[PDB]
């Protein structure tokens, strides 16, 4: 750049992508000779699915295929290279950074936000854990186009503050993970984008995953759609500059599977950290199915984000990682369930409620 009137996130990303060319072309993977995947493909085609699928089996990519259009106006078809707005699934990225910071001894999950983010003052103290678990009592984040960066968003949330009746009760809230993203920035003294790339993106070779405004990936960024009235209409993201950590990231389904399988293989943490993070629920440490941006459930682990006409959903266990990205708004959950439970027949015990995982 030049004059640099940019947030820390863009500063980092612009400099990072000065000499970066467009990412490598990804090929379709689909073996019609395997009845499972033939059944899936056939289902996705006849159900008029518009988006992309990626399925990993015992760590290997066994299916990767795009259906319908990435951009309906320009006639660009969905390919394996198509990157979808993952929305609330970015909370997993932020959770991983949190866990990393805990093991680096830079934060403690039961310490309050005010400790790491002095200006974030609140009627009562809020431990980092209560943000992470969506039980802080903060009013639901009301986005604004005014907000140019993460700082303004979290400084807006601080003004709105606590809702007494909802204190120490569960309430899903993007705002929680926006505050956590700022905590990450404040303790590290570095942008969220930098923390993500240095600590996750690059180590795990996620080369088809990008923040909304990165230049070399614009070619592949999917457009989301909804019918409310007057036809199929494109829902332009207008607030992703203030949404660092709670859903301004774009991923190919393959990269999402690549991320999860590598974490499953202990590439970010040791087994004693990874196993409970991924599988322990109903315990003092991991009281809910939800933790660090994702769900550990009885038969499966789940990620999901719904944002600007897109739906990005992940069902997985130790054999399959199923990533289903939808850029025309609709019911993605019925689809991914049908694939995971009905076709792949994975409706079976996976995690055990109450057990202290080793």
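Numbering follows the first chain given and starts at 1.
A summary of the deposited B-factors shows that, of 282 to 290 and 122 to 130, the stretch with the larger mean C-alpha value is 122 to 130.
Per the PDB record, of the two stretches 226 to 234 and 266 to 274, 226 to 234 carries the greater mean B-factor over its C-alpha atoms.
The maximum CA B-factor among the listed residues 140, 91, 208, 258, taken from the PDB record, is found at 140. Sorting 164, 201, 247, 80 by the CA temperature factor given in the entry leaves 164 at the top. Among all modelled residues in this chain, the alpha-carbon of residue 313 has a temperature factor (C-alpha) in the lowest third. Sort the chain's modelled residues by C-alpha temperature factor and residue 95 lands in the lowest third, per the entry.
The PDB entry assigns residue 296 a C-alpha temperature factor belonging to the lowest third of its chain's modelled residues.
In the PDB entry, residue 68 places in the middle third of its chain by CA B-factor.
Annotation for residue 221: CA B-factor lies in the middle third of the chain's modelled residues.
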